[PDB]
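Worksheet: the structure to be examined is printed underneath.
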Amino acid sequence: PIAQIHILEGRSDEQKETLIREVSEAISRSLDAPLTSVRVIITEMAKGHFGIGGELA
Amino acid sequence: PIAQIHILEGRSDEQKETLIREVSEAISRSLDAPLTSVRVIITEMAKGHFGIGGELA
Amino acid sequence: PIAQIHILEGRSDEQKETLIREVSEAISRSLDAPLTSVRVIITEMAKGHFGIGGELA
Amino acid sequence: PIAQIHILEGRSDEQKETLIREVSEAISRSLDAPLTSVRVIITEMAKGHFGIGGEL
Amino acid sequence: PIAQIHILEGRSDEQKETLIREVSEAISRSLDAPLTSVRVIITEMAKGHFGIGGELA
Amino acid sequence: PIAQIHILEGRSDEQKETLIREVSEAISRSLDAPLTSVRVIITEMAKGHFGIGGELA
């Protein structure tokens, strides 16, 4: 499984490290897939690049 | 936050609902983001559409 | 410019054709880019494949 | 509805703001979807990262 | 490396296998990356779902 | 055809230009599509943003 997660910029390296591990374990557990087969890509969004309802967040 | 997860075809409806819930909670805990703000997209891959090392998986 | 739009299943062909035209024109005018350079990809999501707050939408 | 738009780098903040607003109404109107449910992600591409016909 | 390729539906299975092998090798040679680390995802587009210049493909 | 390739950060501009060219030709050759129709997007991943098996790669 391959996961791409879009998140707002501003979290620490440590926090993103935690995100990758926790999500990867979640995918492995949910799907009964080998942990080693799970890849996660974190994509950061700048504040001026993410809109909800046509307006900036 | 928005997660798009590519997975191989063959999973049950039950596994995919669990995947969405478990990845969403993992995201929520890891980033201290409200659960209600987490969105997850499941994308299924057919066996002839996923390659590893230039060969079909 | 390349736009990928994830939408829920259930929309008509005209609605999607209109979606493609209006989004392409909106991109073209906002960015002063030639309409002919604008590409739009519609990706339909099955009901069990889209999550909000850890639950199906 | 969620739109991810890949655009070339170099545009200013006001133009990207306009892009977000204009695309969001277009999606909303076309699909008879609530404006507030429409999400737009702008992804900027550096000039050395986007190829057409094998060349930048 | 992870490659996602959007193409219009209508190609043969053989044709998509060739695409996956050829793209994987091109990535491998260009990056001096082991072929085995290269993953390719093919995403097919339905005829009514791809727009160029505001018009259907 | 549109290919998005996620690669780890750190390559020079000329190597990525080579990657774009070689992948584009492979796609053109495999699908018998006019090269002018092939679009390729390079997306660099920071080291702290790419996980394999829940750990940074």
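Identifiers for the structure tokens are assigned positionally: chains receive A, B, ... in sequence, residues are indexed from 1 per chain, and ligands are indexed from 1 in the order shown.
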
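Here chain E has been superposed onto chain B using all C-alpha atoms in order, and the two differ by 0.3 Å RMSD.
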
> Which residues of chain B are close to chain E, meaning at most 10 Å apart when you count only C-alpha atoms, and how do they look as a ChimeraX atom specification?
Replying inline: /B:6,43-46,48-57

Take the selection from the previous step and output its residues with N, CA, C and O atoms, as a tab-separated table (two decimals), in the first residue's frame.
```tsv
chain	number	residue	atom	x	y	z
B	6	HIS	N	-3.36	4.19	-1.96
B	6	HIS	CA	-3.42	3.22	-3.04
B	6	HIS	C	-3.26	1.81	-2.50
B	6	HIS	O	-2.27	1.49	-1.85
B	43	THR	N	-7.93	4.39	-3.10
B	43	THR	CA	-7.75	4.14	-4.53
B	43	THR	C	-7.28	2.70	-4.76
B	43	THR	O	-6.18	2.30	-4.34
B	44	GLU	N	-8.13	1.92	-5.40
B	44	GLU	CA	-7.84	0.52	-5.69
B	44	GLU	C	-7.03	0.32	-6.98
B	44	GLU	O	-7.38	0.86	-8.03
B	45	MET	N	-6.02	-0.54	-6.93
B	45	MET	CA	-5.24	-0.87	-8.11
B	45	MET	C	-5.55	-2.28	-8.62
B	45	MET	O	-5.56	-3.24	-7.85
B	46	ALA	N	-5.84	-2.38	-9.90
B	46	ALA	CA	-5.96	-3.67	-10.56
B	46	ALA	C	-4.56	-4.29	-10.66
B	46	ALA	O	-3.56	-3.57	-10.68
B	48	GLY	N	-2.96	-5.67	-13.10
B	48	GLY	CA	-2.19	-5.31	-14.28
B	48	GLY	C	-1.75	-3.84	-14.30
B	48	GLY	O	-1.20	-3.37	-15.30
B	49	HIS	N	-2.01	-3.12	-13.22
B	49	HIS	CA	-1.74	-1.67	-13.18
B	49	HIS	C	-0.71	-1.28	-12.13
B	49	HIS	O	-0.44	-0.10	-11.94
B	50	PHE	N	-0.14	-2.26	-11.45
B	50	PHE	CA	0.83	-1.95	-10.41
B	50	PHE	C	2.13	-2.69	-10.65
B	50	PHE	O	2.17	-3.92	-10.69
B	51	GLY	N	3.21	-1.94	-10.83
B	51	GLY	CA	4.50	-2.52	-11.12
B	51	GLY	C	5.51	-2.31	-10.01
B	51	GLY	O	5.60	-1.23	-9.41
B	52	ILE	N	6.27	-3.37	-9.75
B	52	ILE	CA	7.41	-3.34	-8.85
B	52	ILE	C	8.64	-3.84	-9.61
B	52	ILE	O	8.63	-4.95	-10.13
B	53	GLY	N	9.68	-3.03	-9.70
B	53	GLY	CA	10.87	-3.44	-10.42
B	53	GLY	C	10.65	-3.69	-11.90
B	53	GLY	O	11.37	-4.46	-12.52
B	54	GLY	N	9.63	-3.04	-12.48
B	54	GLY	CA	9.38	-3.17	-13.90
B	54	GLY	C	8.50	-4.35	-14.27
B	54	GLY	O	8.18	-4.57	-15.44
B	55	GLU	N	8.14	-5.15	-13.27
B	55	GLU	CA	7.30	-6.31	-13.49
B	55	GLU	C	6.01	-6.13	-12.70
B	55	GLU	O	6.00	-5.43	-11.69
B	56	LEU	N	4.92	-6.74	-13.15
B	56	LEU	CA	3.67	-6.65	-12.42
B	56	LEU	C	3.85	-7.28	-11.04
B	56	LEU	O	4.51	-8.31	-10.91
B	57	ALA	N	3.23	-6.68	-10.03
B	57	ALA	CA	3.31	-7.18	-8.66
B	57	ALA	C	2.49	-8.45	-8.47
B	57	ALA	O	1.36	-8.56	-8.94
```

Between CA of residue 35 (chain D) and CA of residue 32 (chain C) lies a distance of 23.8 Å

When the cut-off is 12 Å and we count only C-alpha atoms, which residues of chain D are near chain A, given as JSON, numbers by chain? {"D": [1, 2, 3, 4, 5, 6, 7, 11, 12, 13, 14, 15, 16, 17, 18, 19, 20, 21, 22, 23, 24, 25, 26, 27, 28, 33, 34, 35, 36, 37, 38, 39, 40, 41, 42, 43, 44]}

Since we have the selection now, will you write its residues out, keeping N, CA and C atoms, as a compact mmCIF listing (two decimals), in the first residue's frame?
```txt
# COMPACT_ATOMS: atom_id res chain seq x y z
N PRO D 1 -15.99 17.51 -2.73
CA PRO D 1 -15.10 17.44 -3.89
C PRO D 1 -13.71 17.99 -3.56
N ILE D 2 -12.67 17.35 -4.07
CA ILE D 2 -11.29 17.78 -3.82
C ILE D 2 -10.52 17.97 -5.13
N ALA D 3 -9.99 19.18 -5.33
CA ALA D 3 -9.24 19.48 -6.54
C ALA D 3 -7.76 19.72 -6.23
N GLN D 4 -6.88 18.98 -6.90
CA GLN D 4 -5.47 19.26 -6.78
C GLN D 4 -5.01 19.85 -8.09
N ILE D 5 -4.48 21.06 -8.02
CA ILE D 5 -4.10 21.75 -9.24
C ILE D 5 -2.59 21.95 -9.29
N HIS D 6 -1.94 21.33 -10.29
CA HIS D 6 -0.51 21.53 -10.51
C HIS D 6 -0.29 22.73 -11.41
N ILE D 7 0.44 23.73 -10.92
CA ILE D 7 0.72 24.91 -11.73
C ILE D 7 2.20 25.23 -11.65
N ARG D 11 3.79 32.55 -9.75
CA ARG D 11 2.65 33.42 -9.54
C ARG D 11 2.60 33.95 -8.12
N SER D 12 2.02 35.14 -8.00
CA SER D 12 1.86 35.81 -6.72
C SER D 12 0.70 35.24 -5.90
N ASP D 13 0.68 35.59 -4.61
CA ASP D 13 -0.37 35.12 -3.70
C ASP D 13 -1.79 35.51 -4.07
N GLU D 14 -1.99 36.74 -4.54
CA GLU D 14 -3.34 37.18 -4.88
C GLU D 14 -3.91 36.37 -6.05
N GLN D 15 -3.08 36.10 -7.06
CA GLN D 15 -3.52 35.30 -8.20
C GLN D 15 -3.87 33.87 -7.78
N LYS D 16 -3.10 33.29 -6.86
CA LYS D 16 -3.42 31.93 -6.41
C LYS D 16 -4.69 31.91 -5.56
N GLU D 17 -4.91 32.99 -4.82
CA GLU D 17 -6.15 33.17 -4.06
C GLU D 17 -7.34 33.25 -5.00
N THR D 18 -7.17 33.99 -6.08
CA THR D 18 -8.21 34.10 -7.09
C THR D 18 -8.47 32.74 -7.75
N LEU D 19 -7.40 32.00 -8.05
CA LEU D 19 -7.51 30.66 -8.62
C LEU D 19 -8.36 29.75 -7.74
N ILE D 20 -8.08 29.77 -6.44
CA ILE D 20 -8.82 28.98 -5.47
C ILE D 20 -10.31 29.34 -5.42
N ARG D 21 -10.61 30.63 -5.41
CA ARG D 21 -12.00 31.07 -5.33
C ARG D 21 -12.76 30.73 -6.60
N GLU D 22 -12.15 31.01 -7.75
CA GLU D 22 -12.79 30.81 -9.05
C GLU D 22 -12.97 29.32 -9.37
N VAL D 23 -11.99 28.49 -9.02
CA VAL D 23 -12.15 27.05 -9.27
C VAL D 23 -13.21 26.48 -8.34
N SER D 24 -13.21 26.92 -7.08
CA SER D 24 -14.19 26.44 -6.11
C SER D 24 -15.64 26.74 -6.48
N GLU D 25 -15.93 27.94 -6.99
CA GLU D 25 -17.29 28.21 -7.43
C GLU D 25 -17.65 27.37 -8.66
N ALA D 26 -16.68 27.18 -9.56
CA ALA D 26 -16.90 26.39 -10.77
C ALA D 26 -17.25 24.95 -10.44
N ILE D 27 -16.55 24.38 -9.47
CA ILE D 27 -16.84 23.03 -9.03
C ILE D 27 -18.23 22.97 -8.39
N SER D 28 -18.50 23.92 -7.50
CA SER D 28 -19.76 23.98 -6.77
C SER D 28 -20.99 24.11 -7.67
N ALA D 33 -23.01 21.05 -5.70
CA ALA D 33 -22.37 20.73 -4.43
C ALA D 33 -22.26 22.01 -3.60
N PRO D 34 -22.34 21.88 -2.26
CA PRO D 34 -22.21 23.03 -1.37
C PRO D 34 -20.84 23.67 -1.54
N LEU D 35 -20.75 25.00 -1.62
CA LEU D 35 -19.45 25.64 -1.77
C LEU D 35 -18.47 25.24 -0.68
N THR D 36 -18.96 25.18 0.55
CA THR D 36 -18.09 24.86 1.68
C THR D 36 -17.50 23.45 1.67
N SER D 37 -18.06 22.54 0.87
CA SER D 37 -17.54 21.17 0.84
C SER D 37 -16.41 21.05 -0.19
N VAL D 38 -16.17 22.11 -0.94
CA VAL D 38 -15.17 22.08 -1.99
C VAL D 38 -13.80 22.44 -1.44
N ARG D 39 -12.84 21.55 -1.66
CA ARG D 39 -11.46 21.77 -1.26
C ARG D 39 -10.51 21.84 -2.45
N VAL D 40 -9.57 22.78 -2.38
CA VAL D 40 -8.61 22.99 -3.45
C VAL D 40 -7.19 23.02 -2.91
N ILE D 41 -6.33 22.19 -3.50
CA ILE D 41 -4.91 22.12 -3.20
C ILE D 41 -4.12 22.64 -4.39
N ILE D 42 -3.32 23.66 -4.16
CA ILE D 42 -2.43 24.16 -5.19
C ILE D 42 -1.04 23.58 -5.01
N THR D 43 -0.52 22.96 -6.05
CA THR D 43 0.83 22.44 -5.97
C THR D 43 1.68 23.17 -6.99
N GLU D 44 2.68 23.90 -6.52
CA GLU D 44 3.55 24.61 -7.44
C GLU D 44 4.66 23.71 -7.97
```

A straight line from CA of residue 15 (chain C) to CA of residue 8 (chain E) spans 19.8 Å

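Non-sequential neighbours of residue 46 (chain D) (distance at most 7 Å, separation of 2 or more positions within a chain, only C-alpha atoms) are residues 8, 9, 44, 48 and 49 of chain D.
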
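Assigned to strand (DSSP E) in region 22-53 of chain F, given DSSP computed from backbone atoms, are residues 39, 40, 41, 42, 43, 44, 45, 50, 51 and 52 of chain F.
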
re CA of residue 9 (chain A) and CA of residue 30 (chain C): distance 24.7 Å
